[PDB]
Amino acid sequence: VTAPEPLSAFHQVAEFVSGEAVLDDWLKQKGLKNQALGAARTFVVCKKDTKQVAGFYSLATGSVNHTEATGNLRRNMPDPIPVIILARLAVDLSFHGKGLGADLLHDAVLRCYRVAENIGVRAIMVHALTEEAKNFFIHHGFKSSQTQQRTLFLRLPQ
């Protein structure tokens, strides 16, 4: 695949299938529209020598109240806690099991660290859609909320 780049009208998305239709349909129907609105910024990777999207993720600003956080995350912090929402992350079924999911997450993390140089950010927050998704994030260092087991956080040490 190609290096991560911003979603554009040059990207072919209509055939993308990840196994989660809510994510597939968001990419195809709302991805580019929501970029113009300031609702989310989407980054894609493409099959080599094509503009066919092989995987993507989306980032938006956000916050979390102390009750949905963890004991360590809320320590000595204001309420609510400033976060970046990793709103969506998916790889096409044809590319599963090749480390592209991990690679996309790593790119997202680095981009959040860069954003955090100019704006206050405590953590990356994700809402896991399934138990399998939650376990993927746990494997990569995310920690669950105490009240919602599918809300997870990755503290950005600074």
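Each residue number is its position in the shown sequence, starting from 1.
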* With reference to the PDB entry, specify whether the mean Cα temperature factor is higher for 41-49 or for 95-103. => 95-103
* Pick between 141-149 and 10-18: the one whose mean CA B-factor in the entry is higher. => 141-149
* Top residue by Cα temperature factor, when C112, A128, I119, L32 are compared in the entry -> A128
* **Relative C-alpha B-factor of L73, binned into the chain's lowest, middle or highest third** => middle
* Asked: By its CA B factor, does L154 count among the lowest, middle or highest third of the modelled residues in the chain?
  -> lowest
